[PDB]
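Chemist: Enclosed is the structure file input-v9.cif (mmCIF, C-alpha atoms).
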data_target
#
loop_
_atom_site.group_PDB
_atom_site.id
_atom_site.type_symbol
_atom_site.label_atom_id
_atom_site.label_comp_id
_atom_site.auth_asym_id
_atom_site.auth_seq_id
_atom_site.Cartn_x
_atom_site.Cartn_y
_atom_site.Cartn_z
ATOM 1 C CA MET S 1 0.000 0.000 0.000
ATOM 2 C CA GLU S 2 1.775 3.105 1.279
ATOM 3 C CA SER S 3 3.361 2.154 4.637
ATOM 4 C CA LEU S 4 6.756 0.583 3.940
ATOM 5 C CA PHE S 5 10.153 2.201 4.203
ATOM 6 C CA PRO S 6 13.813 1.711 3.259
ATOM 7 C CA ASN S 7 16.791 0.788 5.397
ATOM 8 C CA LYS S 8 18.941 2.831 7.747
ATOM 9 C CA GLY S 9 21.612 3.431 5.110
ATOM 10 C CA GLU S 10 19.497 5.126 2.448
ATOM 11 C CA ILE S 11 17.593 7.233 4.976
ATOM 12 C CA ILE S 12 20.909 8.313 6.516
ATOM 13 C CA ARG S 13 22.170 9.246 3.046
ATOM 14 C CA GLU S 14 19.036 11.300 2.342
ATOM 15 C CA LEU S 15 19.520 12.944 5.732
ATOM 16 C CA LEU S 16 23.125 13.609 4.696
ATOM 17 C CA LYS S 17 22.191 15.656 1.685
ATOM 18 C CA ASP S 18 19.418 17.170 3.797
ATOM 19 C CA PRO S 19 21.221 20.186 5.329
ATOM 20 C CA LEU S 20 19.496 19.363 8.634
ATOM 21 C CA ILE S 21 21.628 16.214 9.037
ATOM 22 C CA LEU S 22 25.347 16.272 8.263
ATOM 23 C CA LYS S 23 27.734 13.392 8.812
ATOM 24 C CA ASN S 24 31.489 13.817 8.390
ATOM 25 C CA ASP S 25 32.486 12.467 4.979
ATOM 26 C CA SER S 26 35.299 15.039 4.851
ATOM 27 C CA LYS S 27 37.965 12.622 6.144
ATOM 28 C CA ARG S 28 36.656 9.161 5.277
ATOM 29 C CA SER S 29 39.469 8.556 2.757
ATOM 30 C CA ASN S 30 42.330 9.696 5.028
ATOM 31 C CA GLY S 31 42.976 6.363 6.756
ATOM 32 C CA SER S 32 46.761 6.624 6.346
ATOM 33 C CA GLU S 33 46.741 10.333 7.182
ATOM 34 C CA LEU S 34 44.120 10.571 9.933
ATOM 35 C CA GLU S 35 46.492 9.051 12.487
ATOM 36 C CA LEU S 36 49.425 11.345 11.785
ATOM 37 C CA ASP S 37 47.095 14.284 11.207
ATOM 38 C CA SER S 38 45.830 13.713 14.744
ATOM 39 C CA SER S 39 49.435 13.161 15.831
ATOM 40 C CA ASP S 40 50.779 16.438 14.458
ATOM 41 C CA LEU S 41 47.620 18.286 15.524
ATOM 42 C CA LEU S 42 47.985 17.017 19.099
ATOM 43 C CA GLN S 43 51.716 17.753 18.943
ATOM 44 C CA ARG S 44 50.999 21.314 17.835
ATOM 45 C CA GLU S 45 48.304 21.255 20.528
ATOM 46 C CA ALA S 46 50.805 20.426 23.264
ATOM 47 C CA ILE S 47 53.197 22.943 21.692
ATOM 48 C CA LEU S 48 50.514 25.644 21.726
ATOM 49 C CA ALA S 49 49.466 24.496 25.204
ATOM 50 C CA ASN S 50 52.909 24.918 26.725
ATOM 51 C CA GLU S 51 53.274 28.030 24.556
ATOM 52 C CA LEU S 52 50.157 29.632 26.037
ATOM 53 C CA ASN S 53 51.458 28.349 29.386
ATOM 54 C CA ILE S 54 54.716 30.245 28.915
ATOM 55 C CA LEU S 55 52.755 33.203 27.554
ATOM 56 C CA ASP S 56 50.561 33.689 30.606
ATOM 57 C CA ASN S 57 53.507 32.829 32.847
ATOM 58 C CA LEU S 58 54.998 35.888 31.143
ATOM 59 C CA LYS S 59 51.717 37.751 31.218
ATOM 60 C CA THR S 60 52.660 37.732 34.866
ATOM 61 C CA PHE S 61 55.604 39.863 33.744
ATOM 62 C CA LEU S 62 53.455 42.162 31.632
ATOM 63 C CA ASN S 63 51.028 42.393 34.549
ATOM 64 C CA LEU S 64 53.702 43.296 37.048
ATOM 65 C CA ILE S 65 55.077 45.837 34.594
ATOM 66 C CA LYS S 66 51.708 47.483 34.084
ATOM 67 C CA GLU S 67 51.441 47.244 37.864
ATOM 68 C CA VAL S 68 54.714 48.989 38.623
ATOM 69 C CA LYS S 69 54.006 51.537 35.907
ATOM 70 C CA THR S 70 50.601 52.305 37.361
ATOM 71 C CA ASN S 71 52.336 52.530 40.735
ATOM 72 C CA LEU S 72 54.608 55.170 39.271
ATOM 73 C CA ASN S 73 51.453 56.784 37.945
ATOM 74 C CA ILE S 74 50.118 56.739 41.517
ATOM 75 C CA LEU S 75 53.580 57.460 42.957
ATOM 76 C CA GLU S 76 53.549 54.563 45.403
ATOM 77 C CA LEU S 77 57.368 54.539 45.524
ATOM 78 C CA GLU S 78 57.442 51.887 48.253
ATOM 79 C CA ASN S 79 55.463 48.965 46.905
ATOM 80 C CA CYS S 80 57.195 50.213 43.782
ATOM 81 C CA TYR S 81 60.415 49.090 45.452
ATOM 82 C CA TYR S 82 58.960 45.777 46.620
ATOM 83 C CA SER S 83 57.496 45.247 43.174
ATOM 84 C CA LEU S 84 60.590 45.908 41.121
ATOM 85 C CA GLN S 85 62.307 43.773 43.753
ATOM 86 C CA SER S 86 59.860 40.956 43.081
ATOM 87 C CA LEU S 87 60.175 41.528 39.349
ATOM 88 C CA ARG S 88 63.958 41.255 39.439
ATOM 89 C CA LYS S 89 63.754 38.220 41.713
ATOM 90 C CA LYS S 90 61.397 36.572 39.247
ATOM 91 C CA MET S 91 63.422 37.495 36.168
ATOM 92 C CA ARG S 92 66.346 35.843 37.948
ATOM 93 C CA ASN S 93 64.323 32.887 39.251
ATOM 94 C CA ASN S 94 61.246 32.583 37.014
ATOM 95 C CA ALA S 95 62.106 29.578 34.853
ATOM 96 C CA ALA S 96 59.876 31.106 32.181
ATOM 97 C CA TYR S 97 62.331 34.000 31.995
ATOM 98 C CA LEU S 98 65.153 31.440 31.947
ATOM 99 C CA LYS S 99 63.598 29.834 28.866
ATOM 100 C CA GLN S 100 62.982 33.074 26.976
ATOM 101 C CA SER S 101 65.172 34.228 24.117
ATOM 102 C CA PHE S 102 68.114 36.517 24.692
ATOM 103 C CA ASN S 103 66.583 39.626 23.097
ATOM 104 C CA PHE S 104 63.312 39.496 25.031
ATOM 105 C CA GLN S 105 65.225 39.408 28.296
ATOM 106 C CA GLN S 106 67.355 42.210 26.850
ATOM 107 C CA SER S 107 64.297 44.371 26.283
ATOM 108 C CA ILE S 108 62.884 43.417 29.680
ATOM 109 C CA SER S 109 66.138 44.374 31.360
ATOM 110 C CA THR S 110 66.157 47.626 29.409
ATOM 111 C CA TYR S 111 62.602 48.477 30.380
ATOM 112 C CA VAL S 112 63.020 47.565 34.032
ATOM 113 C CA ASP S 113 66.241 49.562 34.127
ATOM 114 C CA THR S 114 64.480 52.532 32.580
ATOM 115 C CA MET N 1 58.569 37.141 22.298
ATOM 116 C CA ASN N 2 61.368 39.347 20.974
ATOM 117 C CA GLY N 3 61.039 42.695 22.757
ATOM 118 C CA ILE N 4 59.382 44.610 25.561
ATOM 119 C CA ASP N 5 56.592 45.591 23.171
ATOM 120 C CA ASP N 6 56.085 41.869 22.662
ATOM 121 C CA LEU N 7 55.444 41.639 26.405
ATOM 122 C CA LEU N 8 53.141 44.660 26.181
ATOM 123 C CA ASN N 9 51.253 42.468 23.697
ATOM 124 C CA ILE N 10 52.055 39.160 25.387
ATOM 125 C CA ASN N 11 48.474 39.402 26.569
ATOM 126 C CA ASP N 12 47.520 39.948 22.934
ATOM 127 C CA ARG N 13 49.846 37.067 22.045
ATOM 128 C CA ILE N 14 48.093 35.050 24.759
ATOM 129 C CA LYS N 15 44.826 35.747 22.984
ATOM 130 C CA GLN N 16 46.485 34.786 19.687
ATOM 131 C CA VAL N 17 47.719 31.447 21.025
ATOM 132 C CA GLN N 18 44.378 30.971 22.778
ATOM 133 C CA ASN N 19 42.714 31.374 19.392
ATOM 134 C CA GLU N 20 45.341 29.002 17.999
ATOM 135 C CA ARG N 21 44.610 26.429 20.708
ATOM 136 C CA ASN N 22 40.885 26.921 20.119
ATOM 137 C CA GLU N 23 41.273 26.451 16.365
ATOM 138 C CA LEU N 24 43.408 23.404 17.110
ATOM 139 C CA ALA N 25 40.955 21.953 19.629
ATOM 140 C CA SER N 26 38.268 22.525 16.998
ATOM 141 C CA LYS N 27 40.531 20.790 14.475
ATOM 142 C CA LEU N 28 41.013 17.908 16.917
ATOM 143 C CA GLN N 29 37.275 17.644 17.626
ATOM 144 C CA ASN N 30 36.601 17.831 13.886
ATOM 145 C CA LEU N 31 39.263 15.161 13.378
ATOM 146 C CA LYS N 32 37.685 12.955 16.048
ATOM 147 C CA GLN N 33 34.338 13.367 14.285
ATOM 148 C CA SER N 34 36.121 12.411 11.058
ATOM 149 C CA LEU N 35 37.692 9.359 12.710
ATOM 150 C CA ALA N 36 34.119 8.546 13.736
ATOM 151 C CA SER N 37 32.691 8.919 10.220
ATOM 152 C CA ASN N 38 35.392 6.468 9.143
ATOM 153 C CA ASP N 39 33.325 3.797 10.933
ATOM 154 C CA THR N 40 29.913 2.970 9.496
ATOM 155 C CA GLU N 41 28.910 2.399 13.130
ATOM 156 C CA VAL N 42 29.076 5.444 15.412
ATOM 157 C CA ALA N 43 27.505 7.750 18.001
ATOM 158 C CA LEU N 44 25.547 9.651 15.332
ATOM 159 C CA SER N 45 22.943 6.909 14.979
ATOM 160 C CA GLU N 46 19.709 6.531 13.048
ATOM 161 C CA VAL N 47 17.975 9.031 15.334
ATOM 162 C CA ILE N 48 16.145 11.017 12.642
ATOM 163 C CA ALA N 49 16.324 7.859 10.545
ATOM 164 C CA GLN N 50 14.987 5.997 13.592
ATOM 165 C CA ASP N 51 12.054 8.375 13.888
ATOM 166 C CA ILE N 52 11.406 7.910 10.159
ATOM 167 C CA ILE N 53 11.630 4.118 10.510
ATOM 168 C CA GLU N 54 9.645 3.694 13.741
ATOM 169 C CA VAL N 55 6.996 6.410 13.443
ATOM 170 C CA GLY N 56 7.172 7.148 9.729
ATOM 171 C CA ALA N 57 5.446 3.843 8.931
ATOM 172 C CA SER N 58 2.146 5.761 9.250
ATOM 173 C CA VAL N 59 0.650 8.664 7.327
ATOM 174 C CA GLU N 60 0.015 10.333 10.680
ATOM 175 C CA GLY N 61 3.465 9.173 11.751
ATOM 176 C CA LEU N 62 4.808 10.919 8.664
ATOM 177 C CA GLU N 63 2.896 14.080 9.571
ATOM 178 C CA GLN N 64 4.644 13.850 12.947
ATOM 179 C CA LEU N 65 7.931 13.289 11.085
ATOM 180 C CA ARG N 66 7.707 16.350 8.863
ATOM 181 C CA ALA N 67 6.181 18.563 11.549
ATOM 182 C CA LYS N 68 8.644 17.683 14.329
ATOM 183 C CA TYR N 69 11.538 15.595 13.013
ATOM 184 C CA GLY N 70 11.610 16.975 9.479
ATOM 185 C CA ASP N 71 10.244 16.526 5.982
ATOM 186 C CA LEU N 72 11.978 14.357 3.423
ATOM 187 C CA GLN N 73 11.110 13.055 -0.032
ATOM 188 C CA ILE N 74 9.258 9.930 1.113
ATOM 189 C CA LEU N 75 6.977 12.284 3.039
ATOM 190 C CA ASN N 76 6.354 13.975 -0.285
ATOM 191 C CA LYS N 77 5.570 10.701 -2.076
ATOM 192 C CA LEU N 78 3.308 9.659 0.804
ATOM 193 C CA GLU N 79 1.341 12.893 0.695
ATOM 194 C CA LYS N 80 1.215 12.336 -3.072
ATOM 195 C CA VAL N 81 -0.254 8.835 -2.761
ATOM 196 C CA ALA N 82 -2.533 10.079 0.029
ATOM 197 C CA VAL N 83 -3.893 12.904 -2.118
ATOM 198 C CA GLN N 84 -4.218 10.312 -4.887
ATOM 199 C CA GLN N 85 -6.318 8.145 -2.578
ATOM 200 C CA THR N 86 -8.392 11.136 -1.475
ATOM 201 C CA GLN N 87 -8.839 12.267 -5.086
ATOM 202 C CA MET N 88 -9.899 8.764 -6.130
ATOM 203 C CA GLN N 89 -12.215 8.589 -3.112
ATOM 204 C CA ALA N 90 -13.755 11.997 -3.794
ATOM 205 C CA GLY N 91 -14.107 10.758 -7.356
ATOM 206 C CA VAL N 92 -15.828 7.618 -6.097
ATOM 207 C CA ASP N 93 -18.208 9.806 -4.100
ATOM 208 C CA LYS N 94 -18.721 12.280 -6.937
ATOM 209 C CA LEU N 95 -19.354 9.687 -9.631
ATOM 210 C CA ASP N 96 -21.571 7.987 -7.044
ATOM 211 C CA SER N 97 -23.619 11.150 -6.570
ATOM 212 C CA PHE N 98 -23.514 11.639 -10.336
ATOM 213 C CA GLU N 99 -24.685 8.038 -10.799
ATOM 214 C CA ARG N 100 -27.524 8.714 -8.380
ATOM 215 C CA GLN N 101 -28.419 11.799 -10.412
ATOM 216 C CA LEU N 102 -28.337 9.710 -13.590
ATOM 217 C CA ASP N 103 -30.492 7.090 -11.884
ATOM 218 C CA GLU N 104 -32.841 9.912 -10.874
ATOM 219 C CA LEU N 105 -33.018 11.315 -14.412
ATOM 220 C CA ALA N 106 -33.185 7.718 -15.690
ATOM 221 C CA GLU N 107 -36.975 7.776 -15.980
ATOM 222 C CA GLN N 108 -37.179 11.475 -16.640
ATOM 223 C CA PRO N 109 -38.505 11.103 -20.199
ATOM 224 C CA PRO N 110 -35.609 11.602 -22.616
ATOM 225 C CA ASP N 111 -37.645 14.282 -24.389
ATOM 226 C CA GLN N 112 -37.405 16.246 -21.117
ATOM 227 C CA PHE N 113 -33.639 16.564 -21.581
ATOM 228 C CA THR N 114 -31.705 19.027 -23.710
ATOM 229 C CA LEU N 115 -28.549 18.962 -25.784
ATOM 230 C CA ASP N 116 -27.536 21.530 -23.191
ATOM 231 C CA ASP N 117 -28.834 19.274 -20.410
ATOM 232 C CA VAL N 118 -26.776 16.332 -21.652
ATOM 233 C CA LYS N 119 -24.031 18.846 -22.444
ATOM 234 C CA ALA N 120 -23.975 20.076 -18.851
ATOM 235 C CA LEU N 121 -24.057 16.535 -17.482
ATOM 236 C CA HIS N 122 -21.222 15.541 -19.823
ATOM 237 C CA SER N 123 -19.175 18.583 -18.828
ATOM 238 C CA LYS N 124 -19.797 17.641 -15.197
ATOM 239 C CA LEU N 125 -18.655 14.065 -15.715
ATOM 240 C CA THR N 126 -15.642 15.094 -17.804
ATOM 241 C CA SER N 127 -14.643 17.430 -14.982
ATOM 242 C CA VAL N 128 -15.164 14.660 -12.420
ATOM 243 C CA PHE N 129 -12.905 12.450 -14.530
ATOM 244 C CA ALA N 130 -10.438 15.345 -14.538
ATOM 245 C CA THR N 131 -10.510 15.449 -10.725
ATOM 246 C CA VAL N 132 -8.734 12.076 -10.856
ATOM 247 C CA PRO N 133 -5.117 12.385 -12.032
ATOM 248 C CA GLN N 134 -3.452 9.368 -13.621
ATOM 249 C CA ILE N 135 -0.883 7.689 -11.362
ATOM 250 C CA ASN N 136 1.213 4.750 -12.575
ATOM 251 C CA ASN N 137 1.065 2.717 -9.379
ATOM 252 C CA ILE N 138 0.379 -1.017 -9.430
ATOM 253 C CA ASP N 139 -3.278 -1.354 -8.485
ATOM 254 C CA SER N 140 -3.650 -1.853 -4.742
ATOM 255 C CA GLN N 141 -6.644 0.386 -4.046
ATOM 256 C CA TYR N 142 -6.897 2.056 -7.475
ATOM 257 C CA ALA N 143 -8.406 -1.210 -8.752
ATOM 258 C CA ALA N 144 -11.685 -1.026 -6.826
ATOM 259 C CA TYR N 145 -11.917 2.668 -7.672
ATOM 260 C CA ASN N 146 -11.358 1.818 -11.340
ATOM 261 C CA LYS N 147 -14.074 -0.830 -11.208
ATOM 262 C CA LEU N 148 -16.574 1.587 -9.678
ATOM 263 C CA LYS N 149 -15.539 4.343 -12.097
ATOM 264 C CA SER N 150 -15.884 2.148 -15.176
ATOM 265 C CA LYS N 151 -19.198 0.887 -13.791
#
For the structure just supplied, provide its representation as structure tokens.
Modeler:
Amino acid sequence: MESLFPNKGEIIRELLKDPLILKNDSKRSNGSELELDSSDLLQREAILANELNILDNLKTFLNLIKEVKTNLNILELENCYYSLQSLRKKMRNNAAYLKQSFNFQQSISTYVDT
Amino acid sequence: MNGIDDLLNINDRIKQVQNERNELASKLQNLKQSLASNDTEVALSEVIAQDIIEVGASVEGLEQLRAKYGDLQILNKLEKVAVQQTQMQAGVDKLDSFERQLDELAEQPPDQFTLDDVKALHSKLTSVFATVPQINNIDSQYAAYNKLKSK
């Protein structure tokens, strides 16, 4: 009569053209690339993860610099001392500083000296 | 990180690498979805297909499909065959009423009819024939309708 219907496969395919239902056929043929795509994406993910880690560990530096600068702007002059003290101590001891390039530390030194 | 002005934008660079990590987490999620699609057998199941299979087996179930789950082409063919059945049924009823009118006028003396009377009746019946489109479906319920119509 009129009440009989196809399988799961054909209905899924119709749903797949149907913009309401999308599968992921974009990487069905990448069997020998999906693994190492995920590998290099997770490697760049750990790289970017530790990179952002270093970057907010140095946002600490930017923060303390904006802090000391504001303190100048408010003429604290005492927590200014403690704060440049802390900043120097960190620059010396903050491993993040110890892993930065030579020129960045150069500029940091120059700014903190100024 | 090359200079002091890179630290002044190390918060901006934090946002840059946050966007990079977000793009890369999106790439990894997209890649996990792609690893999924590589199996024919995954979390994205026959859910809309399941509603079409379970509930769609009815005309009312199909109305529920297209209203709630969504309309697809089998819905369209089912409304087509349903309007075919309703057209053939309204034709059954209309040629039945018309047959009753014929049976009424049957002993109205044929002098009491007009070329315009028979013309009007013929236009009526031609129209009623026209209310029934031709559908090339193997006779399941169109057969009884055809018998009554030919009769």
Chemist: Report as a tab-separated table the residues of chain S within 6 Å of chain N, each with its shortest atom pair and distance in Å (one decimal), using all atoms listed in the file, ordered by chain and increasing residue number.
Modeler:
residue	atom	partner	partner_atom	distance
S:3	CA	N:57	CA	5.1
S:11	CA	N:49	CA	5.7
S:24	CA	N:37	CA	5.4
S:27	CA	N:34	CA	5.3
S:28	CA	N:38	CA	4.9
S:52	CA	N:17	CA	5.9
S:55	CA	N:14	CA	5.7
S:59	CA	N:11	CA	5.9
S:62	CA	N:7	CA	5.6
S:103	CA	N:2	CA	5.6
S:104	CA	N:2	CA	4.5
S:107	CA	N:4	CA	5.0
S:108	CA	N:4	CA	5.5
Chemist: In Å, rounded to a single decimal, give me how far atom CA of residue 85 of chain S is from atom CA of residue 68 of chain S.
Modeler: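 Separation of atom CA of residue 68 of chain S and atom CA of residue 85 of chain S: 10.5 Å.
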Chemist: Please report the interatomic distance between atom CA of residue 81 of chain S and atom CA of residue 114 of chain S in Å with one decimal.
Modeler: 13.9 Å
Chemist: Tell me which residues the PyMOL selection byres ((chain S and resi 96) around 10) grabs here, as a CSV table (one decimal) with C-alpha atoms, in the frame of the given file.
Modeler:
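And here is the file that came out, expr-v3.csv:
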chain,number,residue,atom,x,y,z
S,53,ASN,CA,51.5,28.3,29.4
S,54,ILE,CA,54.7,30.2,28.9
S,55,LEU,CA,52.8,33.2,27.6
S,56,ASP,CA,50.6,33.7,30.6
S,57,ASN,CA,53.5,32.8,32.8
S,58,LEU,CA,55.0,35.9,31.1
S,61,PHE,CA,55.6,39.9,33.7
S,90,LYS,CA,61.4,36.6,39.2
S,91,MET,CA,63.4,37.5,36.2
S,92,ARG,CA,66.3,35.8,37.9
S,93,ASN,CA,64.3,32.9,39.3
S,94,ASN,CA,61.2,32.6,37.0
S,95,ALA,CA,62.1,29.6,34.9
S,97,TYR,CA,62.3,34.0,32.0
S,98,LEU,CA,65.2,31.4,31.9
S,99,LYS,CA,63.6,29.8,28.9
S,100,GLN,CA,63.0,33.1,27.0
Chemist: Box along x, y and z, 3 Å on every side, all listed atoms of segment 112-128 of chain N inside: centre and edge lengths in Å to one decimal, as lines of an AutoDock Vina configuration file.
Modeler:
center_x = -26.0
center_y = 17.8
center_z = -19.1
size_x = 28.8
size_y = 13.5
size_z = 19.4
Chemist: Interatomic distance between atom CA of residue 133 of chain N and atom CA of residue 76 of chain N?
Modeler: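 Those two atoms sit 16.5 Å apart.
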Chemist: In terms of the shortest atom-to-atom distance over all atoms listed in the file, which of S:112, S:37, S:12, S:49 is closest to residue 80 of chain S?
Modeler: S:112
Chemist: I need the residue nearest residue 148 of chain N from this list: N:75, N:43, N:67, N:95. Use all atoms listed in the file for the distance.
Modeler: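 So, comparing all the options, the nearest one is N:95.
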